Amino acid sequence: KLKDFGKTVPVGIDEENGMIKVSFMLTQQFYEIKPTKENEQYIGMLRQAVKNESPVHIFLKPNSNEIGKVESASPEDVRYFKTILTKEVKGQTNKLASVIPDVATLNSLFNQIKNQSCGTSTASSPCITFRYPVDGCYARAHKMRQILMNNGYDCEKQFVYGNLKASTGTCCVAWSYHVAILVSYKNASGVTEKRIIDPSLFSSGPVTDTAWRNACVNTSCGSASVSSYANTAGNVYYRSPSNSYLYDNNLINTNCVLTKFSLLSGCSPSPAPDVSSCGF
């Protein structure tokens, strides 16, 4: 009767209103488990796995974000997850420009990125699923970076973590983390500044990282707060709270996730459809 969610690494466990909120690598979604006697071992398994950044096998109650069962990972699972969620740091091959020359160019890049939004006639496949903020921030950010790279630039990622909530203006989503591209550019006087580009939250243009993180703690949606943020090299697809990195060097996962979410919009479905079939 339970839905097989597959293997994953839990990265956070946080008590709220008599329920345990669990976060997992890569996905922005929170899962929940009730602190009942019958769940006490599943909860311990999750706590230890969070502590040690180790994988578990998750089963969900159907049509929900509620965990119904947790099973241990095999030695093979442990070995595999160590290979993909890694402390090994690998940089880009070619040397693109890390600093955009002026605001006009920054703005051009913004427009190119927004022109790739799903739901706009200018976009090519796979389009960037900005209109679907439920999940997939990681894929949207990696695709934004690819656009910069197509123009000869690289950038950073900024990952923000916490009890996050954001509004589209019509509905709210809850996230354990969010990511967008953090672009360096020279201002009018030649001094380097940084801005976030994230059309899923700011449709008008680049914004400060302070403003961007503030949009991730929108208290009109409910309780919200930031616990941490970290800037990384652009090539990092996902960064865990333990500072491990996951990569998607050829955008195999990115394009697969964007394709899966292409027709989705708004704050539903939630949780998002399964993207486990997407590999690297």
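Residues carry their position along the shown sequence, with the first being 1.
Stretches compared: 157-165, 201-209. Higher mean C-alpha B-factor in the entry: 201-209.
The PDB entry reports B-factors from which the mean C-alpha value can be compared for 33-41 and 50-58; the larger average falls on 33-41. Which of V134, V103, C118, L182 has the largest Cα B-factor in the deposited entry comes down to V103. By the numbers in the PDB entry, the CA B factor is greatest at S189 among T129, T86, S176, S189. In the PDB entry, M19 places in the highest third of its chain by CA B-factor. In the deposited entry, the Cα temperature factor of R140 places it in the lowest third of its chain's modelled residues. Sort the modelled residues of the chain by CA B factor and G68 lands in the middle third. Ranked by Cα temperature factor within the chain, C221 sits in the highest third according to the deposited record. Per the deposited record, the Cα B-factor of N243 falls in the lowest third when ranked against the other modelled residues of its chain.
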